[PDB]
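# What the coordinates show
Here is how the chains run, residue by residue.
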Amino acid sequence: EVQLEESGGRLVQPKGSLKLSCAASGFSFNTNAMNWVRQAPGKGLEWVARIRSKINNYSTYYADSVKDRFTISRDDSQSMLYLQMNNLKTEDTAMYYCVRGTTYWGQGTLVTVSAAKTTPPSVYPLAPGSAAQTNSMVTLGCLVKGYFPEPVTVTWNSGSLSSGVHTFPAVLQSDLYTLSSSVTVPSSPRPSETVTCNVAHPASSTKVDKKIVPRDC
Amino acid sequence: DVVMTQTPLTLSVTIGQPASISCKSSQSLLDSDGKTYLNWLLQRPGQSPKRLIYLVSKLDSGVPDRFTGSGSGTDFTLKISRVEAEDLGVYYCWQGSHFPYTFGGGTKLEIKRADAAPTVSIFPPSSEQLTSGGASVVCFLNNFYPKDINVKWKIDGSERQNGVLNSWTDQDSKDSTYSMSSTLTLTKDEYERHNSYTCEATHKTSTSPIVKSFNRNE
Ligand SMILES: [Ca+2]
Ligand SMILES: [Ca+2]
């Protein structure tokens, strides 16, 4: 199958530089025009750069906002598309997609341009105080506070608990993100069967497990 | 640059009902070679965009016949004969005729479902957090519809407006419902010199709000 895998995304300081990569497979890369398209957090798609095939002498095109700063290139021998980004600005913060023509999009790689520094989150369990006894369903959660940059992923019981999970998108308050996740299980499992959220902040190489324990005295 | 105008910004449709979305260009997309490079893409939540239509009306492989692309020059239409749950997401038109290759602003297709009251859960600050010097009180408002809800925070009967952070999930993949998280953050000191913490949920499903509360020591 056609596969496009972007690599490179991370936190860069304003005026900094970053090179993105895209590994293409399952098609004749060397005969295709390739594009970079970006999407700013919660925004629409924005076309960035285009590179033609060798037959068209690798002609390059750029959106006005990135022209002279961004460099699109390709290595046909390795089926690799590249995006070198110099003099980065905060408004360049986006998810960057590798696109074969106008047909197939990769998964995307997140680029954060900010003066804020990498900060691992604090992981807080959400356990009911003294809430309703004969409540057939029990809701539990995890509060993931004070991290940067995005993303953060939450998983429950190492991915076993899938149903009943509500993962809330992160909200940036003061150069720090806050996210929460909830899990609804029958009153038969928890407390008897333990409930743990698995939090991952790849940017700070943080992997934290928090067991949800009933509220003590 | 060619300006691509998409309308409506959002629409709410019942599964099995038709949908029609517009895309207009500031100049004709009919290219020098006689072909019109107008694509329709769907971005499902958490997914990357997927092209549905190309060359105005050509359906991509494995794209249901329920989708129809039409128009010419500057006026384009994407029509869905009857919507299915999997149609939910943001639709984009993308022109490839003139450089720079522009996109429309997007149209968010939402799934219309029956109203449903939220189920409300309240959570006090964890010990982990109190030890760290902060105190956050959380409220989960689960599986409600419509999205529009108001959450009021009350400390010892008195309304607090600052330090409140709200987040909504996307429509549930099976339900089409929303869930919401409401976090009240205050200092460990402020939290400890107060006993009653309440979050009040006012949703169209009832005139009376859904109240959930806790007391530091009980
Ligand atoms: Ca221009
Ligand atoms: Ca052209």
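Criteria and thresholds
Residues numbered from 1 in each chain as written, not as in the entry; some residues may be left out. Chains lettered and ligands numbered in written order. Heavy atoms only, no water. Residues with missing side-chain atoms left out of burial classes, pairs and counts. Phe/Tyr/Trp six-rings, centres within 6.5 Å; stacked < 30°, edge-to-face > 60°. Helix = DSSP H or I, 4+ residues; strand = E, 2+ residues; numbered from the N terminus. Buried < 20%, exposed > 50% of the residue type's maximum accessible area, 1.4 Å probe, protein only. Donors = N, O, S within 2.8 Å, 3.2 Å for Na, K, Ca; no water. Contact = heavy atoms within 4.5 Å. Buried area = accessible area lost by both parts, 1.4 Å probe. Salt bridge = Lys/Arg side-chain N within 4 Å of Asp/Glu carboxyl O. Polar contact = N/O pair within 3.5 Å; in protein donor to acceptor, adjacent residues only side chain to side chain. Domains from an automatic or database assignment. Nonpolar A, V, L, I, M, F, W, Y, C, P; charged D, E, K, R; others polar.

X-ray crystallography is the method the PDB entry lists for this structure, together with a resolution of 2.31 Å.

Moving on, we get to the packing of aromatic side chains. This structure, assessed with the given rule, holds 18 aromatic pairs over all chains. An angle of 65 degrees between the planes, with centres 6.1 Å apart, marks the rings of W105 of chain A and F103 of chain B as edge-to-face. Taken together, the residues span two chains, with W105 of chain A in strand 10 (residues 104-105) and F103 of chain B in the loop between strand 9 (89-95) and strand 10 (107-112). Summarising the burial analysis for this pair, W105 of chain A and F103 of chain B share the class buried. On the basis of an interplanar angle of 20 degrees and a centroid distance of 5.4 Å, the ring pair of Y197 of chain B and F214 of chain B is categorised as stacked. Taken together, the residues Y197 of chain B in strand 17 (residues 196-202) and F214 of chain B in strand 18 (residues 210-215) connect sequence positions 17 residues apart. The class of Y197 of chain B is buried, set by a relative accessible area of 0%. Judged by relative accessible area, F214 of chain B falls into the buried class, the value being 10%.

Moving on, we come to the coordination of the calcium ion (ligand 1). All of the protein donors around the calcium ion (ligand 1) are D64 of chain A (OD), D64 of chain A (OD) and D1 of chain B (OD); their distances to the metal are 2.2 to 2.8 Å. With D64 of chain A in the loop between strand 6 (60-62) and strand 7 (70-75) and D1 of chain B in the segment before strand 1 (4-7), this residue pair bridges two chains. For the pair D64 of chain A and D1 of chain B, one class covers both residues: exposed.

Our next topic: the coordination of the calcium ion (ligand 2). Residues and elements named next belong to chain B. The protein atoms that coordinate the calcium ion (ligand 2) are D31 (OD), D31 (OD) and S97 (O), at distances spanning 2.4 to 2.9 Å. Linking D31 in the loop between strand 3 (19-25) and strand 4 (38-43) with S97 in the loop between strand 9 and strand 10, this pair joins segments that are 66 residues apart in sequence. Of the two residues, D31 and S97, neither departs from the other in class, the shared state being buried.

Taken residue by residue, the interface counts 44 residues in chain A and 38 residues in chain B. Buried area between chain A and chain B, both sides added, is near 3,300 Å², and the carbon and sulfur share of it is 65%. One can count one salt bridge joining chain A with chain B. In this structure, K210 of chain A engages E128 of chain B in a salt bridge whose closest nitrogen and oxygen atoms are separated by 3.9 Å. Put simply, chain A and chain B have nine residue pairs in polar contact between them. Of all the elements in the fold, those that place two or more residues in the side of chain A that touches chain B are strand 4 (34-39), strand 5 (45-51), strand 6, strand 9 (94-100), strand 12 (122-126), strand 13 (137-147), strand 15 (165-172) and strand 16 (177-186) of chain A.

Residues and elements named next belong to chain A. Taken domain by domain, chain A consists of domain 1 (1-115) and domain 2 (116-213). Measuring from the centre of the C-alpha atoms in domain 1 to the corresponding centre in domain 2 gives 33 Å. Both faces combined, the contact of domain 1 with domain 2 buries some 440 Å², and carbon together with sulfur accounts for 60% of it. Counting every contact that joins domain 1 to domain 2 gives one residue pair in polar contact. Across the side of domain 1 that touches domain 2, the residue classes break down as three nonpolar, two polar and no charged.

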